[PDB]
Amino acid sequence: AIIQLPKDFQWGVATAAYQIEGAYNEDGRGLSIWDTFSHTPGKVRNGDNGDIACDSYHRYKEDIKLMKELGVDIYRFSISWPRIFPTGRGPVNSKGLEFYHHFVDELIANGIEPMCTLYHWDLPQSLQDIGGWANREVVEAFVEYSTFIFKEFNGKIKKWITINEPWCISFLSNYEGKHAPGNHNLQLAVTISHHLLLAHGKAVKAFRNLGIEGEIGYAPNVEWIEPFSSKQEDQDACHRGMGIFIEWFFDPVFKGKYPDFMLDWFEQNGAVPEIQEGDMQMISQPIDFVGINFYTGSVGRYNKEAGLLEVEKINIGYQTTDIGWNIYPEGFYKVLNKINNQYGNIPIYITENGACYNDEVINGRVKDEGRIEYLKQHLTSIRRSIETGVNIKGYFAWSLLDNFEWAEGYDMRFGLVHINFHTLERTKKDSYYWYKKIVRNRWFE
């Protein structure tokens, strides 16, 4: 069966600063909460950290050459906030600011549009010292940082993401404690989630006010959770299971409200977001597009002992990637429909989609056919979604390079390009060559 993507469909790859850059204490860069966290005993598998990573701070021209051969239209990357403002505020670090000027200019020189994520989890440790995202001064510090970057790049970067995956920044980082800074407190996570939406809306209003050229959105991750049965308790369990990703972070942006079923559930569990007057009006700024990060899904069954949301996620027969995530391309199609039906025809970029497969170099080749199959399946769901009328503009494969995968360290590879983390040698995988052909041909079988 032939799958054909539209002529105007945009192809990209995506990375994040702390995951690839390295040079963590060079050219004036201050520490982030992920520097602190990954050097804390027991927080990252194998004691990995992002001190060196792929060393893409230095080798960014070698990485840009990889992308021109690949043929992508857009490159999604992030800016390290503590590389621009080592303390989060105050004096600009000139070497860090010029690094991204050299990068963006060389990108455009090679014919690649930049898409910039302002915040991809590397909060300056100086700001975490005063409470981090729990402190509304850090929200303001984000606006001032974004404003600096907007003005600094108004000619060159025309696609912008404020906050990447606020669900991870808040709940995964401050309730489950698995990501930096590693707290375990539901009320704190609930309030931090509100502050991230506030930081986003303020960054958006700044973008408008200053008349920056281009378009701006944010990049939530979402899952599809299919009800185990028609029983109401299973329907509600899945409503909650997806609502923590979708309604909780989309309703404030699109409808100016938090969903009542989530508010009531949180309240029964002792948490209420601390909303100050004018917050909701500031959150609900109009955005140009939404970035969807999608990897996985499941079937959900009500179970009173299944965590806070009381939903048991069941693998009813999916393949899994090497990090253990269900492969559920039909869920991808369904979740995009859910979003289109609830929030309208807003433009959508798939700002992340990819698979962990830990395939090694053998005779100079990486035979990662599992990754090719994953990409085929999710690009098929995107084609189905476009035909159903979802306003999908492009696709970013996660990731260009194998990189530092947060609490999993270097052992969980997502790249199209293999990285020897001892030698920093790059090796194009089979999926790189496949993606290259698909980006050019715009069809596959």
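Just count from 1 along the sequence shown to find any residue number.
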In the PDB record, does 153 to 161 or 181 to 189 carry the higher mean Cα temperature factor? 153 to 161
Going by the mean C-alpha B-factor recorded in the entry, which is higher: 262 to 270 or 97 to 105? 97 to 105
Just grab whichever of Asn363, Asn221, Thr320, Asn174 has the top CA B-factor as deposited. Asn363
Using only the C-alpha B-factors in the record, can you name which of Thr351, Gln285, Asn315, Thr296 has the highest? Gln285
Would you mind ranking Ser56 by its C-alpha B-factor against the rest of the chain and naming the third, lowest, middle or highest? highest
Relative to the other modelled residues of the same chain, rank the CA B-factor of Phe85 and answer lowest, middle or highest third. highest
Compared with the other modelled residues in the chain, in which third is the CA B-factor of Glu310? middle
If you rank every modelled residue in this chain by C-alpha B factor, which third holds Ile419: lowest, middle or highest? middle
CA B-factor ranking of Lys43, expressed as a third of its chain: middle
